[PDB]
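Shown next: my_file14.txt, given as compact mmCIF, C-alpha atoms (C1' of nucleotides).
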# COMPACT_ATOMS: atom_id res chain seq x y z
CA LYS X 1 -4.69 31.79 19.71
CA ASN X 2 -1.06 31.03 18.90
CA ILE X 3 -1.29 33.75 16.22
CA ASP X 4 -0.72 36.39 18.90
CA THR X 5 2.41 34.60 20.09
CA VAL X 6 3.65 34.69 16.51
CA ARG X 7 2.80 38.43 16.49
CA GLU X 8 5.19 39.02 19.36
CA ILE X 9 7.76 36.82 17.60
CA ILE X 10 7.79 38.90 14.44
CA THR X 11 7.52 42.13 16.41
CA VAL X 12 10.58 41.28 18.50
CA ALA X 13 12.22 40.32 15.22
CA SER X 14 11.25 43.72 13.80
CA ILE X 15 12.87 45.60 16.67
CA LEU X 16 15.77 43.17 16.61
CA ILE X 17 16.83 43.58 13.00
CA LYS X 18 15.75 47.20 13.02
CA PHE X 19 18.38 48.20 15.57
CA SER X 20 21.37 47.06 13.46
CA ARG X 21 21.71 43.78 15.38
CA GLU X 22 21.27 41.20 12.67
CA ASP X 23 23.36 38.10 13.27
CA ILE X 24 21.13 36.82 16.10
CA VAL X 25 18.14 36.12 13.84
CA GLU X 26 19.61 33.89 11.14
CA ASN X 27 21.08 31.42 13.59
CA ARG X 28 18.20 29.68 15.28
CA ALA X 29 19.11 28.13 18.64
CA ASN X 30 20.65 31.31 20.03
CA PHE X 31 17.62 33.19 18.72
CA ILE X 32 15.29 30.86 20.62
CA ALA X 33 17.48 31.34 23.70
CA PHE X 34 17.01 35.09 23.27
CA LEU X 35 13.24 34.66 22.98
CA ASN X 36 13.17 32.41 26.03
CA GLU X 37 15.15 34.80 28.19
CA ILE X 38 13.01 37.77 27.21
CA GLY X 39 10.08 35.67 28.34
CA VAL X 40 7.73 34.90 25.49
CA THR X 41 5.49 31.95 26.23
CA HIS X 42 3.20 29.65 24.30
CA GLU X 43 1.07 27.42 26.55
CA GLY X 44 2.79 28.09 29.85
CA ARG X 45 6.30 27.07 28.84
CA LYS X 46 9.44 27.97 26.91
CA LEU X 47 10.09 27.50 23.21
CA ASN X 48 11.43 24.36 21.56
CA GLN X 49 12.70 24.06 18.01
CA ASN X 50 10.03 21.45 17.37
CA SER X 51 7.54 23.77 19.05
CA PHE X 52 8.83 26.69 16.99
CA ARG X 53 8.44 24.85 13.71
CA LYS X 54 5.00 23.66 14.79
CA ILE X 55 3.76 27.14 15.63
CA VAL X 56 5.19 28.50 12.39
CA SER X 57 3.75 25.46 10.62
CA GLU X 58 0.31 25.32 12.24
CA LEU X 59 -0.73 28.54 10.61
CA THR X 60 -3.27 30.00 8.21
CA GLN X 61 -2.36 31.64 4.90
CA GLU X 62 -4.52 34.73 5.47
CA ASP X 63 -3.02 35.14 8.92
CA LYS X 64 0.42 34.92 7.32
CA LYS X 65 -0.67 37.70 4.96
CA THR X 66 -1.77 39.69 8.01
CA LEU X 67 1.58 39.12 9.70
CA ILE X 68 3.74 40.21 6.78
CA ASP X 69 1.47 43.19 6.22
CA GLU X 70 1.88 44.19 9.86
CA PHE X 71 5.61 43.56 9.52
CA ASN X 72 5.93 45.90 6.56
CA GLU X 73 4.53 48.83 8.53
CA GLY X 74 7.72 49.62 10.41
CA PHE X 75 9.76 49.33 7.23
CA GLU X 76 7.97 51.98 5.25
CA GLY X 77 10.79 54.45 4.67
CA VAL X 78 12.79 51.68 3.04
CA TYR X 79 9.98 50.58 0.76
CA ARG X 80 9.04 54.05 -0.44
CA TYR X 81 12.63 54.56 -1.53
CA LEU X 82 12.54 51.04 -2.93
CA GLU X 83 9.58 51.58 -5.20
CA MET X 84 10.21 55.22 -6.10
CA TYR X 85 12.92 54.07 -8.50
CA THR X 86 10.86 51.20 -9.92
CA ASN X 87 7.73 53.03 -11.18
CA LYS X 88 8.33 51.89 -14.77
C1' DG F 1 -10.68 6.56 38.82
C1' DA F 2 -8.98 4.31 34.54
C1' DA F 3 -6.49 4.84 29.83
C1' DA F 4 -5.49 6.59 25.15
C1' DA F 5 -3.07 10.32 23.53
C1' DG F 6 -0.29 13.95 22.63
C1' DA F 7 3.62 16.99 23.98
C1' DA F 8 8.72 17.75 26.38
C1' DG F 9 12.74 16.32 25.96
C1' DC F 10 16.46 13.43 24.79
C1' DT F 11 18.65 10.85 20.87
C1' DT F 12 19.97 9.57 15.71
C1' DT F 13 20.75 10.33 10.55
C1' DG F 14 20.62 11.03 5.85
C1' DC F 15 21.73 14.92 3.66
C1' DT F 16 24.35 19.22 2.87
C1' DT F 17 27.93 22.26 2.70
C1' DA F 18 31.84 24.84 3.79
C1' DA F 19 36.77 24.19 4.44
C1' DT F 20 40.61 22.49 2.22
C1' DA F 21 43.89 19.30 -0.51
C1' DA F 22 45.12 18.79 -5.45
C1' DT F 23 45.95 20.09 -10.13
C1' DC F 24 46.11 22.52 -14.14
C1' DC F 25 46.21 26.14 -16.75
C1' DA F 26 46.10 31.05 -18.08
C1' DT F 27 49.60 34.37 -17.99
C1' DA F 28 53.76 36.79 -17.97
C1' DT F 29 58.17 37.24 -19.39
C1' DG F 30 61.85 36.77 -21.84
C1' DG F 31 64.35 35.13 -25.52
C1' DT F 32 65.07 34.62 -30.19
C1' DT F 33 64.79 34.27 -34.50
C1' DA F 34 70.94 36.56 -38.39
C1' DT F 35 70.67 37.01 -47.00
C1' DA F 36 68.04 41.39 -47.92
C1' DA F 37 63.95 44.41 -47.05
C1' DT F 38 65.92 52.55 -46.29
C1' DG F 39 60.56 59.10 -46.24
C1' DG F 40 52.50 58.71 -45.14
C1' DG F 41 48.10 59.75 -46.10
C1' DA F 42 43.66 61.80 -45.89
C1' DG F 43 43.95 66.09 -46.67
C1' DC F 44 37.83 69.02 -48.62
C1' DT F 45 37.47 71.34 -52.04
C1' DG F 46 29.70 74.30 -52.28
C1' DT F 47 29.63 79.18 -46.19
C1' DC F 48 29.86 83.16 -43.97
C1' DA F 49 29.84 87.59 -41.83
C1' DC F 50 32.43 89.99 -38.88
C1' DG F 51 36.67 91.08 -36.61
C1' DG F 52 40.92 91.73 -34.62
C1' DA F 53 45.62 90.57 -34.97
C1' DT F 54 49.30 90.35 -37.63
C1' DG F 55 51.75 91.92 -41.58
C1' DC F 56 53.91 94.73 -44.85
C1' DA F 57 55.13 99.38 -46.68
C1' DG F 58 56.35 104.04 -47.64
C1' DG F 59 56.89 108.97 -45.83
Show this structure as structure tokens.
Amino acid sequence: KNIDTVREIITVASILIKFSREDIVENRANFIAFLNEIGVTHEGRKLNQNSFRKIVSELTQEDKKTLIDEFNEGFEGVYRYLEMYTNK
DNA sequence: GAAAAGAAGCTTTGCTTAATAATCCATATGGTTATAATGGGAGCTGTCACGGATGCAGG
């Protein structure tokens, strides 16, 4: 379904903020322009801000859990250091 | 083949918020006090065994 399109969204976000290029995620319209030029596609077309908030909105809680769990896999070296000093 | 229906793509719009005028207030700094006002205080008090460096002295 659309869940796979969201998977490529967060994966491109993972590469994007992983390679020290941050400022293009927090602003939204330029980010959607970036996603449209790299050629992601939900239902045969480009991405609208309404369409973006729908596809983020129309979404299941367990799938969201799956997406953040998949997202945390690249950022493992940060989290091991993060929790090694919090084992109280 | 019609017709409701929902998205694509424009707009607004009530709300927010970051930039910036205004103001006030901590802060520094200095001055200025004209009778006279003339040597401190805890110091521990019940180690101790060695040891080397002064220290003093007579031959």
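Coordinates place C1' of residue 6 in chain F at a distance of 21.0 Å from CA of residue 5 in chain X.
Considering all atoms listed in the file, the residue among F:43, F:14, F:1, F:9 positioned nearest to chain X is F:9.
Between residue 57 in chain X and the residues X:71, X:16, X:6, X:84, the shortest atom-to-atom distance, using all atoms listed in the file, involves X:6.
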Quick one: residues within 9 Å of (8.3, 38.5, 10.4) (file frame), counting all atoms listed in the file, please, as a ChimeraX atom specification. /X:6-7,9-14,67-68,70-72
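Across X:4, X:24, X:48, X:29, the tightest approach to chain F is made by X:48 when counting all atoms listed in the file.
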To one decimal in Å, tell me the separation between CA of residue 33 in chain X and CA of residue 2 in chain X. 19.2 Å
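CA of residue 36 in chain X lies 15.0 Å from CA of residue 55 in chain X.
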Residues of chain X within 12 Å of chain F: nearest atom pair and distance (Å, one decimal) for each, counting only C-alpha atoms (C1' of nucleotides), sorted by chain and number, as JSON lines?
{"residue": "X:43", "atom": "CA", "partner": "F:7", "partner_atom": "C1'", "distance": 11.0}
{"residue": "X:45", "atom": "CA", "partner": "F:8", "partner_atom": "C1'", "distance": 9.9}
{"residue": "X:46", "atom": "CA", "partner": "F:8", "partner_atom": "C1'", "distance": 10.3}
{"residue": "X:47", "atom": "CA", "partner": "F:8", "partner_atom": "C1'", "distance": 10.3}
{"residue": "X:48", "atom": "CA", "partner": "F:8", "partner_atom": "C1'", "distance": 8.6}
{"residue": "X:49", "atom": "CA", "partner": "F:9", "partner_atom": "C1'", "distance": 11.1}
{"residue": "X:50", "atom": "CA", "partner": "F:8", "partner_atom": "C1'", "distance": 9.8}
{"residue": "X:51", "atom": "CA", "partner": "F:7", "partner_atom": "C1'", "distance": 9.3}
{"residue": "X:54", "atom": "CA", "partner": "F:7", "partner_atom": "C1'", "distance": 11.4}
Show me, as lines of an AutoDock Vina configuration file, the centre and edge lengths in Å to one decimal of the axis-aligned box that covers every listed atom of range 45-55 of chain X with 6 Å on each side.
center_x = 8.2
center_y = 24.7
center_z = 21.3
size_x = 20.9
size_y = 18.5
size_z = 27.1
